[PDB]
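One structure below.
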Amino acid sequence: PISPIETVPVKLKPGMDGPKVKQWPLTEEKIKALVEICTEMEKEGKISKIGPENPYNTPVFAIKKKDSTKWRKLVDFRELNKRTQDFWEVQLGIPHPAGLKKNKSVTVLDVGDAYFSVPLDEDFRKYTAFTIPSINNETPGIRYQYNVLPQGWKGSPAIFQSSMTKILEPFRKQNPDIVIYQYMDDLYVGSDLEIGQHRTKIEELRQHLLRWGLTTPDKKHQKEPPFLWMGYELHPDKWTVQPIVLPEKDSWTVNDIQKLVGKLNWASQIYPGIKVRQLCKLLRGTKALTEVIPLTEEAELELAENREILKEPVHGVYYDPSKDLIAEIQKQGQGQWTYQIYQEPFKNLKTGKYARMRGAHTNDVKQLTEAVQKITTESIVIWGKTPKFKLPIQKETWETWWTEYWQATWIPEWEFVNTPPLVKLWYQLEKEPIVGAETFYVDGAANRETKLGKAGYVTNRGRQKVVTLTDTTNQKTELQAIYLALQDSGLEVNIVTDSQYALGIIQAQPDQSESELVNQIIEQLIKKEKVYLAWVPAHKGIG
Amino acid sequence: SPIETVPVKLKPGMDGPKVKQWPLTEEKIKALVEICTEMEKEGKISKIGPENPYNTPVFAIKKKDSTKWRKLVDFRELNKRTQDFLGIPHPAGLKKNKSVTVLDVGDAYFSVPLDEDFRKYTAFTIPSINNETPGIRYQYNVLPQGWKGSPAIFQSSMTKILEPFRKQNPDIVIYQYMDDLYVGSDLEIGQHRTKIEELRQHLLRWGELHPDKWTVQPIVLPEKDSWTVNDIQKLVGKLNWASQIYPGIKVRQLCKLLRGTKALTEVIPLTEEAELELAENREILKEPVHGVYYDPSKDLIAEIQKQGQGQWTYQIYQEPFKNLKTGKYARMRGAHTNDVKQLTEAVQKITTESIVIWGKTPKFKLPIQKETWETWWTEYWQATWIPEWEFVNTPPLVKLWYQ
Ligand SMILES: O=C1Nc2ccc(Cl)cc2[C@@](C#CC2CC2)(C(F)(F)F)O1
């Protein structure tokens with residue numbers, strides 16, 4: 001079955017010439033097969049015989065397809081694939097089940113062999129030349145060249161999709177009520193028609209595909225739901241998490257632990273509650289992938305507690321365009337967020353989790369923002385719209401923060417949902433000096449070379465202190481300076497510094513950092529009642 | 001309906017842009033597919049296969065003056081790899097004009113065809129929700145709007161079309177920047193608006209703005225009756241920083257007042273010397289620094305700072321501290337809750353002035369996270385062009401200053 005669609009013009013990479021490879025010496029059997037095989041597609045029109053006017057060649061092989069003692073072939077286009085031009089990206093993006101709509105019935109039509117159905121570019125064919133070996137290398141070489149898309153060739157996938165995309169455009173317009181997801185050599189067709197009516201349309205489309213030479217399996221060979229889709233198992237009315245099985249075992253190797261955390265982490269998305277903290281600790285210092293590790297009981301408790309979470313599978317439902325989208329977010333740990341997108345409460349579409357490492361110096365609100373942003377995007381990619389958000393943050397809070405942050409930020413129409421823990425600002429710097437408050441003139445500096453330093457302060461109330469630091473850097477000095485001022489201060493303080501780093505860091509009301517010291521300061525700040533922080537030029541000899 | 005097409009090429013060695021399309025909302029996709037089927041009928045653009053490896057991002061916006069959607073392509077990458085070039089001049093006229101009105105003339109281009117061999121370089125793609133399908137691939141056959149090569153090639157045609165109005169109304173300035181046409185006159189609002197409607201018809205037959213009103217805002221120094229240790233501190237901080245623009249500024253006399261571990265709240269009187277040092281400074285800041293001249297051969301830069309409460313500040317310079325112009329901006333009525341809105345409005349206003357004054361888009365340094373901007377800027381854009389931009393972290397100092 002050969003296709004009548006127009007061929008895609010193909011060209012070799014800028015200034016390169018076709019493959020000039022050899023044709024491995026074969027056994028009487030291997031040659032016997034190929035000859036028969038070729039003669040088969042030869043009559044089919046798949047390949048044709050080419051004269052000596054073709055100086056190209058690609059190595060051909062013969063392998064007995066496992067399960068069948070019958071001979072099968074294979075052509076090595078590696079060389080060709082290198083010399084071939086680039087095409088557009090074949091995978092725009094993965095269709096996520098949560099994006100699928102609910103259908104009464106659906107059937108998948110595996111096309112597969114269709115490759116050999118799509119005609120190759122008339123002019124490019126010559127480069128697809130290959131030769132058959134004579135048992136003892138008598139005299140000639142029974143040459144052929146590909147006359148259609150070749151298995152394993154670079155272009156095949158790319159070009160097949162297109163063709164497939166075209167051969168479907170007409171049908172796509174006619175039966176809008178019908179859905180068809182294109183994906184590799186699979187054709188996913190779902191609808192809301194009554195089963196019989198559906199089977200009909202299937203055949204209709206099926207014949208349509210056949211109208212262009214595309215051979216597909218009939219009803220009696222079509223695969224039926226539920227469908228094994230990347231991690232998910234989906235039925236016409238719902239999708240389900242293909243329950244995860246954790247191999248219970250004696251000894252554990254490093255490698256094993258990795259793969260475990262792999263699986264485990266992937267599941268964190270769906271089963272929030274999964275933990276790997278202890279499990280991850282086992283890697284520390286690992287010398288070999290095949291090294292075995294003594295699973296700590298803490299890791300035992302955790303690993304077990306997981307096997308339970310991964311017990312109760314959880315189903316989910318599909319997208320209903322008529323319904324608006326609702327995304328809700330919860331704060332799990334520090335910089336650990338969970339969200340779910342549902343159209344009807346408890347009836348989830350998707351759920352994920354995010355873990356934003358300490359980064360540098362960030363805060364919860366910012367983070368939240370980053371999540372909303374991330375989620376927003378997923379949404380535009382899956383459903384084309386952005387969900388209304390239900391956020392654990394007081395409108396007053398959000399307002400106070402964004403109107404005063406230096407960077408442009410924003411959250412789409414969202415609504416406060418009183419579901420603790422709520423995100424809040426852990427402190428705020430006074431806008432002006434605190435009247436009747438001690439004033440600390442903190443300074444810090446360290447010898448970049450020796451890493452020796454002093455940090456200290458003096459106040460309007462005559463108090464003072466200084467400290468010499470070993471193995472430090474200038475910036476840790478400036479911060480330390482401030483830490484002291486915060487320690488020895490008391491509920492209310494005015495702190496002037498000449499440090500720009502700090503003024504920066506803190507003024508950005510961060511509530512978490514990579515730097516322990518900052519964390520220290522931060523804690524100290526939350527503790528205070530009122531803190532005013534001022535900056536002044538350094539080496540200007542001020543106060 | 002073709003004409004003899006001019007041959008265009010990419011700068012030597014360069015290859016076609018291959019830019020990934022950003023996910024688009026449903027609402028936008030529809031607008032596009034609709035907008036493109038018709039353009040395909042009309043033979044403007046044509047579907048293309050996979051054998052075309054290039055791509056340029058595409059999307060849709062809608063100006064206030066129109067509830068209908070408008071397609072926009074991001075040729076920034078393509079424009080950048082396109083050969084330069086018969087010419088396109090820039091006047092200093094409208095820079096002074098009383099009133100200028102911008103006209104979206106993009107349309108004209110679609111009349112002119114595009115050199116076969118180059119067309120491949122305009123392949124763009126319309127995405128499918130949840131990737132149900134490999135997006136749609138098109139490629140222009142005519143001059144694309146927003147491509148630097150279009151106003152050029154359509155140079156001839158344009159000049160002609162205009163000449164009448166030109167020397168017939170010479171008391172008017174006409175500038176063209178890509179898909180836009182800037183018209184400036186000192187003729188009072190009545191005549192200006194009517195003359196404009198007059199010119200429209202002239203073009204249609206074929207197929208508010210106020211310069212000077214924009215004066216670089218001087219850096220003002222606050223006046224107190226009494227000063228607190230903090231007040232002087234804040235002040236000295238600003239001047240110190242400002243000496244970078246005016247080396248004339250001195251701060252020693254005030255720094256003297258700050259000697260001692262005093263309480264920020266403590267009140268302090270000014271020595272007659274500090275009174276002078278200050279007064280003298282005030283004067284210096286009364287005018288923009290000497291020696292700042294627009295160097296056409298260098299990149300123009302725009303820096304913006306969120307001042308909050310709705311305000312934003314920005315500066316255009318080629319060399320740090322040698323601003324060509326600085327300004328402020330108060331959020332448009334309505335963007336009262338969303339920054340991105342404002343920032344995109346702000347960027348656009350500036351890019352415009354830029355064009356008006358130097359006929360060159362500034363490169364923007366934006367106070368926002370990339371992710372944020374990329375996610376929502378398209379929602380508020382209403383300009384045919386797209387300037388270059390980078391994201392940064394506003395050094396609080398450069399902020400208090402312009403405040
Ligand atoms: O939007 C829907 N609805 C749907 C509902 C249940 C199932 Cl099991 C499958 C689908 C479907 C798909 C698909 C694979 C490509 C992902 C189909 F296209 F209909 F086949 O996409």
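Just so we're on the same page: first chain in the structure tokens is A, next is B, and so on; residues restart at 1 for each chain, and ligands are numbered from 1 in the order they show up.
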Which residues of chain A come within 6 Å of ligand 1, and what is each one's closest atom pair and distance in Å (one decimal), counting only C-alpha atoms and all ligand atoms, sorted by chain and residue number, as JSON lines?
```
{"residue": "A:95", "atom": "CA", "partner": "ligand 1", "partner_atom_place_in_ligand_line": "16 (C)", "distance": 5.6}
{"residue": "A:100", "atom": "CA", "partner": "ligand 1", "partner_atom_place_in_ligand_line": "1 (O)", "distance": 3.3}
{"residue": "A:101", "atom": "CA", "partner": "ligand 1", "partner_atom_place_in_ligand_line": "1 (O)", "distance": 4.0}
{"residue": "A:102", "atom": "CA", "partner": "ligand 1", "partner_atom_place_in_ligand_line": "5 (C)", "distance": 4.8}
{"residue": "A:103", "atom": "CA", "partner": "ligand 1", "partner_atom_place_in_ligand_line": "5 (C)", "distance": 5.1}
{"residue": "A:106", "atom": "CA", "partner": "ligand 1", "partner_atom_place_in_ligand_line": "20 (F)", "distance": 5.4}
{"residue": "A:179", "atom": "CA", "partner": "ligand 1", "partner_atom_place_in_ligand_line": "18 (F)", "distance": 4.9}
{"residue": "A:180", "atom": "CA", "partner": "ligand 1", "partner_atom_place_in_ligand_line": "18 (F)", "distance": 4.5}
{"residue": "A:181", "atom": "CA", "partner": "ligand 1", "partner_atom_place_in_ligand_line": "18 (F)", "distance": 4.7}
{"residue": "A:188", "atom": "CA", "partner": "ligand 1", "partner_atom_place_in_ligand_line": "20 (F)", "distance": 3.9}
{"residue": "A:189", "atom": "CA", "partner": "ligand 1", "partner_atom_place_in_ligand_line": "20 (F)", "distance": 4.1}
{"residue": "A:190", "atom": "CA", "partner": "ligand 1", "partner_atom_place_in_ligand_line": "19 (F)", "distance": 3.2}
{"residue": "A:227", "atom": "CA", "partner": "ligand 1", "partner_atom_place_in_ligand_line": "8 (Cl)", "distance": 5.9}
{"residue": "A:234", "atom": "CA", "partner": "ligand 1", "partner_atom_place_in_ligand_line": "8 (Cl)", "distance": 4.6}
{"residue": "A:235", "atom": "CA", "partner": "ligand 1", "partner_atom_place_in_ligand_line": "8 (Cl)", "distance": 4.4}
{"residue": "A:236", "atom": "CA", "partner": "ligand 1", "partner_atom_place_in_ligand_line": "6 (C)", "distance": 3.9}
```
DSSP-assigned strand (DSSP E or B) among segment 20-258 of chain A, expressed as an NGL selection string:
:A and (20 or 47-49 or 57 or 60-63 or 72-75 or 84 or 101 or 105-110 or 119 or 129-132 or 142-146 or 148 or 179-183 or 186-191 or 223 or 227-229 or 232-234 or 239-241 or 252-253)
Please save C-alpha atoms of the selected residues as a tab-separated table (two decimals), in the first residue's frame.
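Result file result17.tsv:
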```tsv
chain	number	residue	atom	x	y	z
A	20	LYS	CA	29.45	5.51	-0.22
A	47	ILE	CA	11.95	-0.09	-3.40
A	48	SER	CA	13.23	-0.20	-6.96
A	49	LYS	CA	16.25	-1.50	-8.89
A	57	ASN	CA	25.55	2.78	-0.95
A	60	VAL	CA	22.24	-3.65	4.63
A	61	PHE	CA	21.73	-6.45	7.16
A	62	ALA	CA	19.70	-9.56	7.93
A	63	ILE	CA	18.41	-10.40	11.41
A	72	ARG	CA	13.90	-10.04	8.67
A	73	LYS	CA	16.08	-7.19	7.31
A	74	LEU	CA	17.54	-3.86	8.49
A	75	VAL	CA	19.31	-0.95	6.80
A	84	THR	CA	20.82	14.76	5.97
A	101	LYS	CA	-11.56	15.95	27.67
A	105	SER	CA	-15.74	6.10	23.67
A	106	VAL	CA	-12.25	6.23	22.21
A	107	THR	CA	-10.05	3.92	20.19
A	108	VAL	CA	-6.41	4.07	19.25
A	109	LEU	CA	-5.33	3.40	15.69
A	110	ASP	CA	-1.79	2.22	15.45
A	119	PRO	CA	6.74	8.28	-0.75
A	129	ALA	CA	20.86	3.19	-2.51
A	130	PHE	CA	21.79	-0.22	-1.12
A	131	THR	CA	23.25	-3.47	-2.51
A	132	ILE	CA	22.69	-7.21	-2.04
A	142	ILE	CA	21.54	-6.54	-7.19
A	143	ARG	CA	21.03	-2.86	-6.33
A	144	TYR	CA	17.93	-1.07	-5.14
A	145	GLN	CA	17.17	2.32	-3.65
A	146	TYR	CA	14.43	3.43	-1.32
A	148	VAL	CA	9.48	5.53	0.10
A	179	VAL	CA	-11.06	14.25	18.68
A	180	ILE	CA	-7.77	12.99	17.32
A	181	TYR	CA	-4.45	13.31	19.03
A	182	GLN	CA	-1.47	12.74	16.80
A	183	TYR	CA	1.46	11.07	18.50
A	186	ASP	CA	-0.44	6.20	17.09
A	187	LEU	CA	-3.73	7.83	16.36
A	188	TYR	CA	-5.89	8.54	19.36
A	189	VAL	CA	-9.55	8.99	18.49
A	190	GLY	CA	-12.17	9.76	21.12
A	191	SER	CA	-15.82	10.98	20.95
A	223	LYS	CA	-6.21	-1.81	21.30
A	227	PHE	CA	-4.48	3.02	27.99
A	228	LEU	CA	-0.91	2.89	29.28
A	229	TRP	CA	0.10	6.52	28.76
A	232	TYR	CA	-0.85	7.11	33.54
A	233	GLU	CA	-3.52	4.59	32.75
A	234	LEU	CA	-6.51	6.26	31.20
A	239	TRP	CA	-7.31	8.63	34.32
A	240	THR	CA	-5.59	6.65	37.02
A	241	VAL	CA	-2.18	6.56	38.55
A	252	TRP	CA	20.58	-1.82	48.85
A	253	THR	CA	23.16	-0.46	46.43
```
Check every residue of chain A for an atom within 8 Å of chain B, counting only C-alpha atoms, and provide those that qualify as an NGL selection string.
:A and (8-10 or 86-96 or 99 or 158-159 or 161-162 or 165 or 180-183 or 373 or 377 or 380-385 or 403-411 or 433-436 or 438-439 or 441 or 458-460 or 494 or 504 or 535-537 or 540-543)
So which bits of segment 314-451 of chain A end up helix (DSSP H, G or I) when you DSSP the backbone, as an MDAnalysis selection string?
chainID A and resid 364:382 395:402
Only N, CA and C atoms, please: the residues just picked out, written as a PDB file, in the first residue's frame.
```
ATOM      1  N   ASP A 364       8.955  33.810  51.300  1.00  0.00           N
ATOM      2  CA  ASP A 364       7.742  33.060  50.987  1.00  0.00           C
ATOM      3  C   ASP A 364       6.824  33.683  49.964  1.00  0.00           C
ATOM      4  N   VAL A 365       6.543  34.972  50.099  1.00  0.00           N
ATOM      5  CA  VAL A 365       5.639  35.585  49.138  1.00  0.00           C
ATOM      6  C   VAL A 365       6.230  35.485  47.740  1.00  0.00           C
ATOM      7  N   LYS A 366       7.460  35.943  47.592  1.00  0.00           N
ATOM      8  CA  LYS A 366       8.129  35.867  46.311  1.00  0.00           C
ATOM      9  C   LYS A 366       7.918  34.452  45.772  1.00  0.00           C
ATOM     10  N   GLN A 367       8.340  33.463  46.557  1.00  0.00           N
ATOM     11  CA  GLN A 367       8.207  32.063  46.178  1.00  0.00           C
ATOM     12  C   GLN A 367       6.819  31.731  45.666  1.00  0.00           C
ATOM     13  N   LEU A 368       5.814  32.061  46.472  1.00  0.00           N
ATOM     14  CA  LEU A 368       4.422  31.809  46.109  1.00  0.00           C
ATOM     15  C   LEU A 368       4.261  32.326  44.684  1.00  0.00           C
ATOM     16  N   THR A 369       4.612  33.591  44.520  1.00  0.00           N
ATOM     17  CA  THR A 369       4.542  34.258  43.240  1.00  0.00           C
ATOM     18  C   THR A 369       5.150  33.397  42.148  1.00  0.00           C
ATOM     19  N   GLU A 370       6.357  32.930  42.414  1.00  0.00           N
ATOM     20  CA  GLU A 370       7.035  32.093  41.462  1.00  0.00           C
ATOM     21  C   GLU A 370       6.218  30.861  41.128  1.00  0.00           C
ATOM     22  N   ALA A 371       5.501  30.339  42.111  1.00  0.00           N
ATOM     23  CA  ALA A 371       4.681  29.164  41.867  1.00  0.00           C
ATOM     24  C   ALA A 371       3.528  29.539  40.958  1.00  0.00           C
ATOM     25  N   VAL A 372       2.762  30.538  41.372  1.00  0.00           N
ATOM     26  CA  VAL A 372       1.633  30.980  40.574  1.00  0.00           C
ATOM     27  C   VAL A 372       2.082  31.098  39.128  1.00  0.00           C
ATOM     28  N   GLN A 373       3.216  31.759  38.952  1.00  0.00           N
ATOM     29  CA  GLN A 373       3.780  31.945  37.632  1.00  0.00           C
ATOM     30  C   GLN A 373       3.957  30.566  36.962  1.00  0.00           C
ATOM     31  N   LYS A 374       4.783  29.705  37.552  1.00  0.00           N
ATOM     32  CA  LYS A 374       5.025  28.378  36.991  1.00  0.00           C
ATOM     33  C   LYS A 374       3.725  27.678  36.600  1.00  0.00           C
ATOM     34  N   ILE A 375       2.776  27.617  37.542  1.00  0.00           N
ATOM     35  CA  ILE A 375       1.479  26.979  37.310  1.00  0.00           C
ATOM     36  C   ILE A 375       0.751  27.666  36.175  1.00  0.00           C
ATOM     37  N   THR A 376       0.686  28.987  36.252  1.00  0.00           N
ATOM     38  CA  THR A 376       0.031  29.733  35.209  1.00  0.00           C
ATOM     39  C   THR A 376       0.462  29.134  33.889  1.00  0.00           C
ATOM     40  N   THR A 377       1.769  29.110  33.665  1.00  0.00           N
ATOM     41  CA  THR A 377       2.313  28.558  32.436  1.00  0.00           C
ATOM     42  C   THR A 377       1.824  27.156  32.094  1.00  0.00           C
ATOM     43  N   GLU A 378       2.037  26.190  32.987  1.00  0.00           N
ATOM     44  CA  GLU A 378       1.564  24.832  32.723  1.00  0.00           C
ATOM     45  C   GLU A 378       0.167  24.932  32.127  1.00  0.00           C
ATOM     46  N   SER A 379      -0.697  25.672  32.812  1.00  0.00           N
ATOM     47  CA  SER A 379      -2.071  25.868  32.377  1.00  0.00           C
ATOM     48  C   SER A 379      -2.199  26.332  30.940  1.00  0.00           C
ATOM     49  N   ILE A 380      -1.487  27.391  30.578  1.00  0.00           N
ATOM     50  CA  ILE A 380      -1.568  27.876  29.203  1.00  0.00           C
ATOM     51  C   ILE A 380      -1.127  26.792  28.240  1.00  0.00           C
ATOM     52  N   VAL A 381      -0.212  25.943  28.678  1.00  0.00           N
ATOM     53  CA  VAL A 381       0.272  24.875  27.817  1.00  0.00           C
ATOM     54  C   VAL A 381      -0.719  23.722  27.690  1.00  0.00           C
ATOM     55  N   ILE A 382      -1.461  23.466  28.753  1.00  0.00           N
ATOM     56  CA  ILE A 382      -2.385  22.355  28.731  1.00  0.00           C
ATOM     57  C   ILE A 382      -3.815  22.684  28.365  1.00  0.00           C
ATOM     58  N   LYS A 395      -5.196  39.217  51.381  1.00  0.00           N
ATOM     59  CA  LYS A 395      -5.167  40.297  50.411  1.00  0.00           C
ATOM     60  C   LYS A 395      -4.323  41.460  50.947  1.00  0.00           C
ATOM     61  N   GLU A 396      -4.520  41.792  52.220  1.00  0.00           N
ATOM     62  CA  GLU A 396      -3.765  42.864  52.867  1.00  0.00           C
ATOM     63  C   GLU A 396      -2.280  42.589  52.766  1.00  0.00           C
ATOM     64  N   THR A 397      -1.902  41.332  53.001  1.00  0.00           N
ATOM     65  CA  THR A 397      -0.505  40.921  52.945  1.00  0.00           C
ATOM     66  C   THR A 397       0.017  41.151  51.554  1.00  0.00           C
ATOM     67  N   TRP A 398      -0.590  40.485  50.578  1.00  0.00           N
ATOM     68  CA  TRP A 398      -0.143  40.630  49.202  1.00  0.00           C
ATOM     69  C   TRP A 398       0.057  42.087  48.837  1.00  0.00           C
ATOM     70  N   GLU A 399      -0.961  42.899  49.104  1.00  0.00           N
ATOM     71  CA  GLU A 399      -0.902  44.329  48.821  1.00  0.00           C
ATOM     72  C   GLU A 399       0.359  44.963  49.397  1.00  0.00           C
ATOM     73  N   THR A 400       0.513  44.857  50.713  1.00  0.00           N
ATOM     74  CA  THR A 400       1.658  45.440  51.411  1.00  0.00           C
ATOM     75  C   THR A 400       3.009  45.120  50.789  1.00  0.00           C
ATOM     76  N   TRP A 401       3.154  43.890  50.322  1.00  0.00           N
ATOM     77  CA  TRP A 401       4.401  43.447  49.734  1.00  0.00           C
ATOM     78  C   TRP A 401       4.708  43.933  48.318  1.00  0.00           C
ATOM     79  N   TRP A 402       3.784  43.708  47.381  1.00  0.00           N
ATOM     80  CA  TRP A 402       4.005  44.100  45.985  1.00  0.00           C
ATOM     81  C   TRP A 402       4.078  45.594  45.724  1.00  0.00           C
TER      82      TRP A 402
END
```
Please provide as a PyMOL selection string all residues within 6 Å of segment 168-180 of chain B, with the sequence filter that same-chain residues fewer than 3 positions apart are discarded (counting only C-alpha atoms).
chain B and resi 94+103-106+151+165+183-185
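Here atom CA of residue 155 of chain B stands at a distance of 22.9 Å from atom CA of residue 139 of chain B.
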Show which residues sit within 12 Å of segment 354-358 of chain B, as a VMD selection string. Count only C-alpha atoms, and ignore same-chain residues fewer than 2 positions away.
chain B and resid 89 to 97 99 to 102 173 to 178 180 to 184 209 to 212 214 293 to 302 315 to 317 324 to 326 347 to 352 360 to 364 385 387
One number please: atom CA of residue 501 of chain A to atom CA of residue 475 of chain A, in Å, one decimal.
7.2 Å
Please provide as a ChimeraX atom specification all residues within 6 Å of segment 326-337 of chain A, with the sequence filter that same-chain residues fewer than 4 positions apart are discarded (counting only C-alpha atoms).
/A:341-343,353-356,387-391
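Every protein or nucleic acid residue with an atom no more than 10 Å from segment 197-211 of chain A, counting only C-alpha atoms and leaving out same-chain residues fewer than 5 positions away, appears here: residues 1, 2, 3, 4, 104, 105, 106, 107, 108, 109, 111, 114, 164, 167, 168, 170, 171, 172, 175, 178, 189, 190, 191, 192, 216, 217, 218 and 219 of chain A.
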Neighbouring residues of residue 26 of chain A were defined as those with any atom within 8 Å, considering only C-alpha atoms; residues of the same chain fewer than 4 positions away were excluded. Please report them as a count of residues only.
4
Let me make sure I understand: among B:288, B:113, B:269, B:16, which one has the smallest atom-to-atom distance to residue 242 of chain B if we use only C-alpha atoms?
B:288
Can you work out the spacing between atom CA of residue 474 of chain A and atom CA of residue 445 of chain A in Å, to one decimal?
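So the answer is 4.9 Å.
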Closest pair table for segment 306-412 of chain A residues within 6 Å of segment 269-293 of chain A, only C-alpha atoms, as JSON lines:
```
{"residue": "A:306", "atom": "CA", "partner": "A:274", "partner_atom": "CA", "distance": 6.0}
{"residue": "A:351", "atom": "CA", "partner": "A:270", "partner_atom": "CA", "distance": 5.9}
{"residue": "A:352", "atom": "CA", "partner": "A:269", "partner_atom": "CA", "distance": 4.3}
{"residue": "A:353", "atom": "CA", "partner": "A:269", "partner_atom": "CA", "distance": 5.2}
```
